[PDB]
Amino acid sequence: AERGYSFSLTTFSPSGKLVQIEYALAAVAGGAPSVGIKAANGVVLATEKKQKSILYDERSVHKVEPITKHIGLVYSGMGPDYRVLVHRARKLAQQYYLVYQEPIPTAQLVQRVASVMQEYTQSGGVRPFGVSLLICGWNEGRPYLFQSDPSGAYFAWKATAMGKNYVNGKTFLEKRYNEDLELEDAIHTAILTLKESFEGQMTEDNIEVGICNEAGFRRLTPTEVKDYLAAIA
Amino acid sequence: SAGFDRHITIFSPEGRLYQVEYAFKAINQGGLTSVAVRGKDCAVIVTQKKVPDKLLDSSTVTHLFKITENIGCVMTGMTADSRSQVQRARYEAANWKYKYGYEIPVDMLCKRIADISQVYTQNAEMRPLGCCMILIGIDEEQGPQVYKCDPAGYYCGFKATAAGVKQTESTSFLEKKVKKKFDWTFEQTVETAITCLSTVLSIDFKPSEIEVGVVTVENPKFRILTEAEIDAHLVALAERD
Amino acid sequence: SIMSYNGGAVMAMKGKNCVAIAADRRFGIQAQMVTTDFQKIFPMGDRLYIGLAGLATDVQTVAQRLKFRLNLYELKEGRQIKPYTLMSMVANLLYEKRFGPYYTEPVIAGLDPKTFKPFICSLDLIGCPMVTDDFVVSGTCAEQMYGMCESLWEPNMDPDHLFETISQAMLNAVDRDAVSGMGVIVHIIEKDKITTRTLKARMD
Amino acid sequence: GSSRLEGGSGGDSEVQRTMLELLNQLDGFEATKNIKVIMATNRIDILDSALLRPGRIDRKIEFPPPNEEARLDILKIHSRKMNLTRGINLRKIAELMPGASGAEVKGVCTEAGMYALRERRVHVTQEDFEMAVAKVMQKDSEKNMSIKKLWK
Amino acid sequence: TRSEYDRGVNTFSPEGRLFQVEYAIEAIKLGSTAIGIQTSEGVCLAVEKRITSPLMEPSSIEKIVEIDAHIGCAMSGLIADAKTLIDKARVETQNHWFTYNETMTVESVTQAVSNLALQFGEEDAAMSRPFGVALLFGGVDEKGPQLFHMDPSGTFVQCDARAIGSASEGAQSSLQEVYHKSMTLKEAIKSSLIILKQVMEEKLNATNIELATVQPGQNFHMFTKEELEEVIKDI
Amino acid sequence: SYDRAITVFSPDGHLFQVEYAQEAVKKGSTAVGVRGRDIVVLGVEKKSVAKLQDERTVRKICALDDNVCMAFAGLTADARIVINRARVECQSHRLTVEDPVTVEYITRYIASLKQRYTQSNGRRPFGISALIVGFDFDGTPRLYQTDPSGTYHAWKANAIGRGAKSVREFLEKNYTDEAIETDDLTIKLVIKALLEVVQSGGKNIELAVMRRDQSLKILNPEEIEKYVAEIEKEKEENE
Amino acid sequence: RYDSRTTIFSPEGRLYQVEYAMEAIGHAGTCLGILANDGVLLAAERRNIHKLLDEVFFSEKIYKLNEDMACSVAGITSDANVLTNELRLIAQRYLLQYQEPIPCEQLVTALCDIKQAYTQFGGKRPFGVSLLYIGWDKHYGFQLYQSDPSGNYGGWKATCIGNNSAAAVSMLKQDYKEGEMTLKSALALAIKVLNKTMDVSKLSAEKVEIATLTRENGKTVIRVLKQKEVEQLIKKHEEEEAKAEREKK
Amino acid sequence: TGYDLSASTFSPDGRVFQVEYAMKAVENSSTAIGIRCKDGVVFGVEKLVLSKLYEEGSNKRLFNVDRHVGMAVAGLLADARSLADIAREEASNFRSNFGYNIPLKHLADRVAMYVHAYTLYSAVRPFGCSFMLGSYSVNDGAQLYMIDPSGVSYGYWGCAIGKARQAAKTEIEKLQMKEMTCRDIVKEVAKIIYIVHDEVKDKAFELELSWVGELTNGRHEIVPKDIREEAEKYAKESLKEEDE
Amino acid sequence: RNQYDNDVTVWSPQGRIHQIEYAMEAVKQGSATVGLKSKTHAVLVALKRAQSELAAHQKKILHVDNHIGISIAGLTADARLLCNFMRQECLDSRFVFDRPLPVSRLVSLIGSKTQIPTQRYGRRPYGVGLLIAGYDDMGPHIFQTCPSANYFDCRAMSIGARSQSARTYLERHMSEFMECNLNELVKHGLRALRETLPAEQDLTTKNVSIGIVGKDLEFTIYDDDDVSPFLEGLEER
């Protein structure tokens, strides 16, 4: 394309493309599938978590994790960068709580995580974060599902998917998604969305799902995931 | 798409960090190999030894280090980077104990090392030191733990694993073994590790050309098995096989 | 004392679905009064007032800095700062300079944007929030102000008689206060009504 | 004939000199008496400035895509020989076609006729025309939405 | 091959040369010519002013400037580097007077200016390239009249008579031919003006030259139009 | 490859990128300046704007102080930055020493600013040229001109920008003591010198006038129309 | 090649990186603004209207910088957010220092100085966002300014940035009456130009957002028109278009 | 190649070509050897007097870093001097910090730390010289370690570094070092140096020794004149016997 | 080459650094100087250049603290920087210890200082070769220091362009040293410089610089007429 305008994050290509940011987005796309649904009474995030072998103990490193009693986060991309971002998001939420005696609004948390990504994607000697985050929160009385991208841009998604088969997940959700939904059906919808592009049997211990309702964000236990997989199946 | 290879922070058009991939290639450069396996209430690490001379001091030559009073590690890859990473891990563990008051969990130490490696990968200041570091320890609640610190910040926990030149074959043998009766005794897990090494290197080991470290729930102190103990285990297992 | 230098007096109570925050008007340096229209009550929102009282320089500086940060907060969020969040903000302000404080005693009074429930609190010069269900005072003659407010306050109050209560309490407190008091301004905040009044006071 | 190049081992010297001969013929000595020239091109910016010189090209006509009125007229022109059916709005078809070239309009007519042929028919209707528009203007967009939303 | 060894001031070429410094020395030439002459009666500086167009009032082309009341600096090169080095020289002379309550020697002040010019790429001072300017400090001190030449490379050397600028090579031979150790100030002035007329584009007439003198006595003096015409009458 | 670096020398000894900054200056609307006996005037071409565009936000003449004015030619953002810093330093010098800034002092400071920005490698030169016209505290119609390379000279009348060469030649030919004897002949000369580049003469001309111990005054368009009418009448009469 | 850095001058004296940013602004979602003696207004199109996106924020391109001032962004999202927060900070700093709202010209000057600093210093890419400011102040009533990536600002009666800016500005020049435009006429003209510039079927009320700043009772008010009012305005405009078509028939 | 420039970029094989070039550079200088006898350690080096103008003792390649540790260098002598200064400074810090003499193993670990820190970055070059540390103490026996540009600290009974290292190692392997005493291991070292030295290529030559052991009270120091003379006489006699 | 000599921080694929070699070559770009010592005297003799017959000869011998002098061969900038460093170090040593700084320690410090730039890409190597002639309690010392941070203790050495002839002369005549009066010592040095000079020219009082230190003799520099007592008695070829 514009080859020479591809090794620098501080130089504009003639058409104006940020080639390095686009390549980071491609790296995000080439990652584990993840899906998010905004139910009318909550939010649900799911993400494909196949191991490369039985040796990998599928209980040490998570993919969907909390950031506060009412906010949680899942990722698609590189796991180390994801760990960095989740740590920074936890720190930002704690700073917000210290300054204001009130849990951080999900919109504010997403804004500041996007600001962190912006900070990392503006200098010529740093690598833009190679992940995209899906942040689910239960601020006020309504749910929130946001996406944050390496470019520092964030969105409010009704329901979306990202990763290897993001296009197929998006079409599937476009077909299956109705606004007047419930969290219980949203869980099944997300699980089916994963299964659509999933390879191999969907054992309860190789899929991770996290709900976010009025009771606060919570990663569903393997027993609950098994029960849900039986219910859909 | 070939110019996106001389820097750590440049993304390839397909979104690949060829420099970190080359760091893994350097992991597969020390020649040596190592294996770790956790039993019902104990974990054991065994690594190939290479002392191609009578002049070298085998006492100093090693690849096992006690990161603290209850956690051990086996290195593989460049030896200088290995020692540097070992010292960094020791410092992190001591700092953790000083700051919080209880010894660092093995997963925590592995995570901190992974975070340091990821920082090096992201900020173009140092090359990602190319050593793969396997930790073993005893957690008061979850039992034995084994973890890896590959030079990209990924730190998944394991039941049993291998690192080095023959990691793929060792992994295949270990998964074959673990698919049946994953719960093993101390002797059983030591035998599994040693036989994995022997078969994958297509050779049997004299007591001097092998190192073994062990942690047990009964004795949760990283202990290096002596020549006598390793020879006894070797002979007993070979006889009873 | 440092507070006694510029004097001052501020008080706030809450009745039923309404609040009443008032303060005295004076600026005298030590004894020589300078002016009689010193704005000791600042509106941070539609139904949220702050009654800074203390050293005049600190009062004005804190008012301006608080307005700065609160405008940033509103513009960045999109909401109107809830009274509890305002209390947290002012506490953080005061405690950010613990080693050398702003010699002032903030007193926040307002109505919740959503439930329109009365809220009142007062802080110390280091930022120790102290929420109350009945009333708060701050500034010089805080002793007489305590006496007045506790004696003449009653629960489940009603706007007009609440205004009468605040007027009488502040008037007598400033009357017994030497340094402070050259006129009393009272603000009554309702669910849908703000009323500002200029109670008659002994100009002496 | 396009923007000339520094003649080296990787330069089309023969084509360049033929273009120079064309330049000379268009405007040199013994100017042409009654020989008008109508040159056509798709991208003009690369044409040598010598060609674009007024005198060699005394006029330059642009052919922008139709303004929906040219589109309606082109639909009429290419559907005159088409067994239409009452209750048909070629105007609405034109609006459904934004920024479409005349070739695209002709393809729209051809595909509507193809759809009619599909059912061994001689008809044409709004349904067939709309489907033909959708088929002919198959825009291959980008769907990551992140590369799309980079620019607020 | 001389395209990779001169991208930086701190890169050595195979011949062990600082090509960037040499390049600045070459840049010295673009300026107008200046000639300084030392004599037992003092020192004389004469510079070919190079007015690019009339309507430029002459009191902006500062090729000769005053350093304290006992030295004059003649410049050839970039005006920016000229200004920076002149400011340094003035500040150093005043600092030395303030500290030691005396007048700095011409050698010492030239050494200070050279010390400033030394810092090429040292990450301890902020200039990063050579000062493309050559200076001639002619002054009077306890050691009698003296004249020094300083070049961009920080090298300074005493010169009983020297010429720099565009007409450097052509004027050096003329100075060599016409120089005998003992002269007078008037004789040096006449010789310098003759050489300037020899190596000047324009006809030497009143303006287009500047003439200055430092003598064991009266301070540094700039000859005005009257004296310039008087000398030009019988150069 | 002897280019694209502020701190790299070429065989001829040039700083090609500061030269390029000067070339960038050359691509700006013409600005003339002249000095009189008691009046100093700055004329500038307007280039006109689309009717939808407001005019008060476009400035080529800016007062750096009571007794100093600045005409501009080059990049507009660099102009704004340089003018802001020049005003800041004028007031700072007034603070440091209780005497109004002299034109020579302020132009030297602007030249030093440009020099500082062109010394290093991580900075781009201020691609502008400026004319500073003012009255020293003793009373004198001083006019200096500063270039991107940090070099400043003193002139009696000069033009910078697109028509720099032609307008400078015209001023060269038609600048005389009798031509600046009074405080109206100077203005007539300024409009005469600008008319060789501007078209309307009144719709594409802005004049600023500084009189001794008097604040800057921008001439009204009607006054410019009257003046250009006077010059036209003089030309036809001389014909 | 004279374009590898933002601090490099081409032999012609051109900042190629700055020019690239200016050109790339052409990809931003169309925005435009009109000034009227009654008030000032902005209109802006939503580039992406996918049905799976929420409307959590009641504005995507238009932000409120302070009590008396609003601005529309057009460019890269990250730079737009950075500059919006920075503008809020600048305005509130001026308010803290002087106890009066910053004049719009002063705020524009500050942000444009920062933009120029970015174009001029070291290894930092120029802020690739154009901005349209509207504001009210006691010095010049209502004002509308337009700021470029290169830190250059101009005061305009009515203008447009982003997609199809050329066509939009041509229509504005053709139709805009110099000094006899009211708010209703300005809104009608804005809807008309947006319809003729988007070129995306009909101008859906959901694919556009409009904001209006007007002085009321001595206090400025910036209203973001609701979906109902946008629907009413587009319906009125299409009624006028139908009337014109019928008359022409 | 492309990946050799700078020491912060891995080649596709995973090899740090800059450190490999540092190893190559160190394997181009004069040879040094050390041996750990049962109750001490001995260093020898074949210094090359590049010109007779140099006096005896110039270019001392057997530094002492803290009283009890000797350090024999091989490679770039500038980097050798810098590393010697760093080693002295680290030993001084350790003595100040802990009030007791620095163990040689710990000192070697710290210097390997320093060398690896240098080889990590991209604004500095890897150390272009290797060296050997040796010491003897009552509470620690005799210790010897070898550090190279990559910064590894393997222990040793003996080692050779420089041009002729493999031949020196081969000669050393056939010795009873674990039981031999200082007074004879010194003679063996001199014999080995004279055997491995290349006269037909290096022309000039000088033999430099040192030891630290109990007979020195655990304090490193240079050889006395008579001891060095006797050792070199024995080496010459052994060389003549081999030639016979 | 052509890609391994663009900076001092990169190793060539031969185990050699090319910038250091380039500096060690630049050192040979200067005028010839030599130094030597007796049992009680250290001396340096050098050929001070003349850029032109009009301009005087640039100074050669630099007077470090009274018991030390140096002769430079290389960039004037690096020579001045190193001379200032020497003077500051000797002043600091005299200020802290009430006695002169040893020449060995001085040269060690100089070697470390010149080595540090030879590793980090922050400045070029110090392009000067230094002959340090000093007198400490131990006795007269002559040291050489090169841009590669290598320093030698030399009994009689030469540096600069055309140093091979002087080195050969010193090699031949070294047997004489240690038992020569000061006059004989300076005559030896002058003969070495005559040999290194080409035949058709010679040594004149104008262009030769001499520096001597020794017992109860602080460093003294002779130039111009001052060297007449040596040249006049010096034998002719």
# chains A, B, ... in the order shown; residues from 1 in each chain; ligands from 1

$ residues_around --residues "residue C:118" --least-positions-apart "4" --cutoff "6 Å" --atoms "only C-alpha atoms" --output "VMD selection string"
chain C and resid 14 17 to 19 111

$ residues_around --residues "stretch 59-72 of chain A" --least-positions-apart "6" --cutoff "8 Å" --atoms "only C-alpha atoms" --output "PyMOL selection string"
(chain A and resi 45-47+49+86+89-90+93+103+106+135-139+208-210+212-219) or (chain B and resi 107+155-157)

$ write_last_selection --atoms "N, CA and C atoms" --output "compact mmCIF listing (two decimals), in the first residue's frame"
# COMPACT_ATOMS: atom_id res chain seq x y z
N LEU A 45 -20.87 -11.26 28.38
CA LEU A 45 -19.69 -11.39 27.55
C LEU A 45 -19.28 -12.86 27.51
N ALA A 46 -18.84 -13.32 26.35
CA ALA A 46 -18.33 -14.67 26.20
C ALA A 46 -17.08 -14.62 25.34
N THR A 47 -16.23 -15.62 25.49
CA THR A 47 -15.00 -15.65 24.71
C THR A 47 -14.51 -17.08 24.60
N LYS A 49 -11.99 -20.06 24.53
CA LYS A 49 -10.79 -20.28 25.32
C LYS A 49 -10.27 -21.71 25.17
N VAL A 86 -5.85 -4.47 31.71
CA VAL A 86 -6.74 -4.72 32.84
C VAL A 86 -6.14 -4.16 34.12
N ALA A 89 -6.72 -0.43 33.98
CA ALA A 89 -8.13 -0.12 34.20
C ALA A 89 -8.50 -0.26 35.67
N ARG A 90 -7.98 -1.29 36.34
CA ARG A 90 -8.23 -1.42 37.78
C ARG A 90 -7.66 -0.22 38.52
N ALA A 93 -9.92 2.83 37.91
CA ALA A 93 -11.15 2.74 38.68
C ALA A 93 -10.89 3.05 40.15
N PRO A 103 -18.64 4.56 42.82
CA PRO A 103 -18.02 3.69 41.82
C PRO A 103 -17.94 4.37 40.46
N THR A 106 -19.22 3.52 34.02
CA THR A 106 -18.62 2.71 32.97
C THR A 106 -18.16 3.57 31.80
N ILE A 135 -16.03 -3.95 27.45
CA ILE A 135 -16.23 -3.56 28.83
C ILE A 135 -17.73 -3.54 29.10
N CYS A 136 -18.16 -4.33 30.08
CA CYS A 136 -19.57 -4.41 30.44
C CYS A 136 -19.76 -3.84 31.84
N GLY A 137 -20.74 -2.95 31.99
CA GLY A 137 -20.96 -2.30 33.26
C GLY A 137 -22.44 -2.15 33.55
N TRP A 138 -22.75 -1.93 34.82
CA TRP A 138 -24.13 -1.71 35.22
C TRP A 138 -24.28 -0.38 35.96
N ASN A 139 -23.76 0.69 35.37
CA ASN A 139 -23.96 2.01 35.95
C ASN A 139 -25.45 2.36 35.99
N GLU A 208 -15.45 -19.40 28.54
CA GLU A 208 -15.60 -18.50 29.67
C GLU A 208 -16.66 -17.46 29.36
N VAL A 209 -17.54 -17.22 30.33
CA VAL A 209 -18.65 -16.29 30.17
C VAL A 209 -18.79 -15.48 31.45
N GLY A 210 -19.11 -14.20 31.30
CA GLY A 210 -19.31 -13.32 32.42
C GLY A 210 -20.56 -12.48 32.27
N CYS A 212 -23.26 -9.43 33.80
CA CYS A 212 -23.19 -8.14 34.48
C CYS A 212 -24.61 -7.62 34.62
N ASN A 213 -25.18 -7.78 35.81
CA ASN A 213 -26.56 -7.39 36.08
C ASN A 213 -26.61 -6.49 37.30
N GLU A 214 -27.82 -6.26 37.83
CA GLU A 214 -27.96 -5.39 38.99
C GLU A 214 -27.18 -5.90 40.20
N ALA A 215 -26.81 -7.18 40.21
CA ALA A 215 -26.04 -7.73 41.31
C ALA A 215 -24.54 -7.50 41.16
N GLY A 216 -24.11 -6.88 40.07
CA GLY A 216 -22.70 -6.64 39.84
C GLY A 216 -22.08 -7.68 38.93
N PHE A 217 -21.01 -7.28 38.25
CA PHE A 217 -20.36 -8.18 37.31
C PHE A 217 -19.87 -9.44 38.02
N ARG A 218 -19.93 -10.56 37.30
CA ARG A 218 -19.54 -11.84 37.87
C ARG A 218 -19.23 -12.82 36.75
N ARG A 219 -18.08 -13.48 36.84
CA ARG A 219 -17.72 -14.53 35.89
C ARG A 219 -18.42 -15.82 36.30
N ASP B 107 2.22 -18.32 41.08
CA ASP B 107 1.52 -17.66 39.98
C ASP B 107 1.78 -16.16 39.99
N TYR B 155 1.87 -16.62 30.76
CA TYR B 155 2.22 -17.31 32.01
C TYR B 155 1.14 -18.32 32.42
N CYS B 156 0.65 -19.11 31.47
CA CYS B 156 -0.38 -20.08 31.79
C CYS B 156 0.15 -21.17 32.71
N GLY B 157 -0.70 -21.61 33.64
CA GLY B 157 -0.34 -22.70 34.53
C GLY B 157 -0.52 -24.06 33.88

$ residues_around --residues "residue B:205" --least-positions-apart "2" --cutoff "10 Å" --atoms "only C-alpha atoms" --output "VMD selection string"
chain B and resid 48 to 49 194 to 195 197 to 198 201 203 207 to 210 231 234

$ select_by_dssp --residues "stretch 8-214 of chain G" --states "helix (DSSP H, G or I)" --output "VMD selection string"
chain G and resid 16 to 27 77 to 98 104 to 120 165 to 175 183 to 198

$ write_last_selection --atoms "C-alpha atoms" --output "mmCIF file, in the first residue's frame"
data_model
loop_
_atom_site.group_PDB
_atom_site.id
_atom_site.type_symbol
_atom_site.label_atom_id
_atom_site.label_comp_id
_atom_site.auth_asym_id
_atom_site.auth_seq_id
_atom_site.Cartn_x
_atom_site.Cartn_y
_atom_site.Cartn_z
ATOM 1 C CA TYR G 16 4.149 17.808 3.275
ATOM 2 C CA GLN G 17 3.049 16.108 6.497
ATOM 3 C CA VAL G 18 0.867 19.099 7.372
ATOM 4 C CA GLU G 19 -0.622 19.053 3.871
ATOM 5 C CA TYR G 20 -1.262 15.318 4.191
ATOM 6 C CA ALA G 21 -3.157 15.947 7.425
ATOM 7 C CA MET G 22 -5.198 18.731 5.817
ATOM 8 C CA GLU G 23 -6.122 16.478 2.895
ATOM 9 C CA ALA G 24 -6.886 13.525 5.169
ATOM 10 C CA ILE G 25 -9.420 15.687 7.015
ATOM 11 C CA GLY G 26 -11.464 14.977 3.888
ATOM 12 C CA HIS G 27 -12.332 11.538 5.280
ATOM 13 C CA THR G 77 -11.187 10.041 17.017
ATOM 14 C CA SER G 78 -8.256 9.967 19.441
ATOM 15 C CA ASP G 79 -7.017 13.433 18.501
ATOM 16 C CA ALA G 80 -10.591 14.724 18.623
ATOM 17 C CA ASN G 81 -11.003 13.477 22.194
ATOM 18 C CA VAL G 82 -7.618 14.867 23.246
ATOM 19 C CA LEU G 83 -8.358 18.295 21.792
ATOM 20 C CA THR G 84 -11.877 18.367 23.252
ATOM 21 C CA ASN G 85 -10.614 17.680 26.767
ATOM 22 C CA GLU G 86 -7.800 20.188 26.261
ATOM 23 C CA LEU G 87 -10.240 22.854 25.052
ATOM 24 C CA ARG G 88 -12.376 22.313 28.136
ATOM 25 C CA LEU G 89 -9.262 22.692 30.282
ATOM 26 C CA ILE G 90 -8.192 25.894 28.504
ATOM 27 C CA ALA G 91 -11.613 27.504 28.839
ATOM 28 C CA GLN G 92 -11.886 26.610 32.517
ATOM 29 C CA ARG G 93 -8.337 27.834 33.183
ATOM 30 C CA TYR G 94 -9.257 31.195 31.682
ATOM 31 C CA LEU G 95 -12.425 31.199 33.785
ATOM 32 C CA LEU G 96 -10.458 30.507 36.966
ATOM 33 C CA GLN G 97 -7.911 33.212 36.177
ATOM 34 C CA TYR G 98 -10.211 36.039 35.048
ATOM 35 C CA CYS G 104 -14.155 32.347 21.423
ATOM 36 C CA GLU G 105 -11.345 33.993 19.475
ATOM 37 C CA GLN G 106 -9.039 33.602 22.475
ATOM 38 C CA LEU G 107 -9.943 29.933 22.939
ATOM 39 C CA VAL G 108 -9.371 29.295 19.230
ATOM 40 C CA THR G 109 -6.033 31.103 19.443
ATOM 41 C CA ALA G 110 -4.919 28.957 22.377
ATOM 42 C CA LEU G 111 -5.831 25.638 20.789
ATOM 43 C CA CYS G 112 -4.354 26.701 17.447
ATOM 44 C CA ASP G 113 -1.115 27.673 19.176
ATOM 45 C CA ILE G 114 -1.007 24.162 20.623
ATOM 46 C CA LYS G 115 -1.706 22.649 17.198
ATOM 47 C CA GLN G 116 1.099 24.711 15.663
ATOM 48 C CA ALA G 117 3.450 23.618 18.437
ATOM 49 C CA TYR G 118 2.658 20.028 17.487
ATOM 50 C CA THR G 119 3.307 20.738 13.805
ATOM 51 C CA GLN G 120 6.634 22.375 14.687
ATOM 52 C CA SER G 165 -16.934 20.147 1.882
ATOM 53 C CA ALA G 166 -16.483 21.655 -1.585
ATOM 54 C CA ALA G 167 -20.103 21.046 -2.590
ATOM 55 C CA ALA G 168 -21.416 22.150 0.803
ATOM 56 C CA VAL G 169 -19.435 25.402 0.759
ATOM 57 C CA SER G 170 -20.496 26.049 -2.837
ATOM 58 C CA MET G 171 -24.149 25.711 -1.840
ATOM 59 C CA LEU G 172 -23.602 27.888 1.230
ATOM 60 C CA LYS G 173 -22.005 30.594 -0.909
ATOM 61 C CA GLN G 174 -24.841 30.398 -3.438
ATOM 62 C CA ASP G 175 -27.743 30.444 -0.971
ATOM 63 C CA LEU G 183 -32.466 30.724 12.920
ATOM 64 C CA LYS G 184 -35.344 28.983 11.129
ATOM 65 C CA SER G 185 -33.954 29.883 7.704
ATOM 66 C CA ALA G 186 -30.488 28.790 8.820
ATOM 67 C CA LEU G 187 -31.865 25.419 9.932
ATOM 68 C CA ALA G 188 -33.708 24.979 6.633
ATOM 69 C CA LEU G 189 -30.570 25.831 4.656
ATOM 70 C CA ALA G 190 -28.487 23.462 6.785
ATOM 71 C CA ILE G 191 -30.915 20.600 6.186
ATOM 72 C CA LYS G 192 -31.001 21.390 2.460
ATOM 73 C CA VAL G 193 -27.216 21.440 2.070
ATOM 74 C CA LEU G 194 -26.868 18.290 4.168
ATOM 75 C CA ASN G 195 -29.407 16.527 1.952
ATOM 76 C CA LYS G 196 -27.570 17.595 -1.195
ATOM 77 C CA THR G 197 -24.141 16.683 0.242
ATOM 78 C CA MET G 198 -24.641 13.349 2.047
#

$ interface_residues --of "chain I" --to "chain E" --cutoff "6 Å" --atoms "only C-alpha atoms" --output "ChimeraX atom specification"
/I:22-23,25-26,55-56,58,77,123-124

$ select_by_dssp --residues "stretch 15-71 of chain A" --states "strand (DSSP E)" --output "PyMOL selection string"
chain A and resi 34-39+42-48+65-68+71

$ residues_around --residues "residue G:228" --least-positions-apart "2" --cutoff "12 Å" --atoms "only C-alpha atoms" --output "list in words"
residues 204, 205, 206, 209, 210, 224, 225, 226, 230, 231, 232, 233, 234 and 235 of chain G

$ write_last_selection --atoms "C-alpha atoms" --output "PDB file, in the first residue's frame"
ATOM      1  CA  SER G 204     -32.694  10.198   7.783  1.00  0.00           C
ATOM      2  CA  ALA G 205     -33.347  12.028  11.041  1.00  0.00           C
ATOM      3  CA  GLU G 206     -31.124   9.479  12.811  1.00  0.00           C
ATOM      4  CA  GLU G 209     -27.410  15.728  14.640  1.00  0.00           C
ATOM      5  CA  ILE G 210     -27.925  19.485  14.910  1.00  0.00           C
ATOM      6  CA  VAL G 224     -28.995  19.634  20.734  1.00  0.00           C
ATOM      7  CA  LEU G 225     -32.131  19.197  18.645  1.00  0.00           C
ATOM      8  CA  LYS G 226     -34.042  16.049  19.539  1.00  0.00           C
ATOM      9  CA  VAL G 230     -35.001  16.834  13.431  1.00  0.00           C
ATOM     10  CA  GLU G 231     -37.848  14.753  11.989  1.00  0.00           C
ATOM     11  CA  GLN G 232     -40.072  17.829  11.827  1.00  0.00           C
ATOM     12  CA  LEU G 233     -37.381  19.872  10.076  1.00  0.00           C
ATOM     13  CA  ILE G 234     -36.621  17.179   7.494  1.00  0.00           C
ATOM     14  CA  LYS G 235     -40.346  16.693   6.877  1.00  0.00           C
TER      15      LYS G 235
END

$ residues_around --residues "stretch 142-158 of chain H" --least-positions-apart "2" --cutoff "8 Å" --atoms "only C-alpha atoms" --output "PyMOL selection string"
(chain B and resi 55-61+79-80) or (chain H and resi 19+22-23+33-41+104-105+108-109+111-113+115-116+119+126-137+140+160+172+177+213)

$ interface_residues --of "chain F" --to "chain G" --cutoff "7 Å" --atoms "only C-alpha atoms" --output "PyMOL selection string"
chain F and resi 4+17+20-21+23-24+52-54+57+76-77+81+122-124

$ interface_residues --of "chain A" --to "chain C" --cutoff "9 Å" --atoms "only C-alpha atoms" --output "list in words"
residues 98, 99, 100, 101, 102, 105, 107 and 108 of chain A

$ write_last_selection --atoms "C-alpha atoms" --output "mmCIF file, in the first residue's frame"
data_model
loop_
_atom_site.group_PDB
_atom_site.id
_atom_site.type_symbol
_atom_site.label_atom_id
_atom_site.label_comp_id
_atom_site.auth_asym_id
_atom_site.auth_seq_id
_atom_site.Cartn_x
_atom_site.Cartn_y
_atom_site.Cartn_z
ATOM 1 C CA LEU A 98 -10.568 7.577 45.811
ATOM 2 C CA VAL A 99 -11.260 10.997 44.306
ATOM 3 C CA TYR A 100 -15.059 10.571 44.294
ATOM 4 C CA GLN A 101 -16.740 8.356 46.874
ATOM 5 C CA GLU A 102 -18.740 6.661 44.118
ATOM 6 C CA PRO A 105 -19.211 5.203 35.751
ATOM 7 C CA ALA A 107 -18.516 5.511 30.406
ATOM 8 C CA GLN A 108 -15.754 7.250 32.368
#
